[PDB]
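Only one chain comes next, encoded as structure tokens, the form deposited without ligand TJL.
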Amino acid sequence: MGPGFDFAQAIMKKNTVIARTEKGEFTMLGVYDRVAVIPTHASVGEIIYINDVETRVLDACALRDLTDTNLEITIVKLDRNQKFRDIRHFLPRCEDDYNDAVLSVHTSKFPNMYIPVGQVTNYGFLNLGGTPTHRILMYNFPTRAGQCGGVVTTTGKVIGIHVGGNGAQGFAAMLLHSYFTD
């Protein structure tokens, strides 16, 4: 509808796949080469379904900060025959607050979904499902029964992936450029 939705659509149309684990269907962001991200609560194993195709997982790393605190991001390298468009130059370098963000989801249940979530706070610490978690972004969100990830963008920046909510607020794990240095 406007330039924020334009940037979000451009990311969804080229840099997402539908990932299925034993814990459900998730929006999965492809970042570069065969490397993608997903919430750690997806519990990625040795095999994952990517757009309903059986795919070997070459590597999966549940990220933690240097205090050994959960970040809720898993980085997956997929045994896929095709590379993602490289979007690392759209990743922020530092922890920050944002205005006017969009949360975008693409699953069998929620195809082509875009939500203007407004202001995003650098919230920091969250007890997420009983797990102490750092680097959380927050945006007011009439919390919806179900987590299938999500992509949080502003114009020109891919800033996070949706990992949870409390009924009124939604929460995303930050994406930082430093996670994807090769």
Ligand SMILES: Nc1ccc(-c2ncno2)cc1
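Superpose the two forms; the largest set of C-alphas matching within 1.5 Å is the rigid core. All residue numbers are counted from 1 along the displayed sequence.
Heads up, the form deposited with ligand TJL bound isn't pictured, but that's what we're talking about next.
When ligand TJL is considered in the deposited complex, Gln147 lines it closely, a heavy atom lying within 4.5 Å. By the criterion of a heavy atom within 4.5 Å, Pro142 is counted among the residues contacting ligand TJL in the deposited complex. Just one of the listed positions, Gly124, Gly146, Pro132, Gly45, moves its Cα by at least 2 Å between the shown form and the other one when the rigid core is held fixed, and it is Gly146.
Note on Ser104 and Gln147: their C-alpha atoms are nearer in the deposited complex, a change of at least 3 Å from this conformation.
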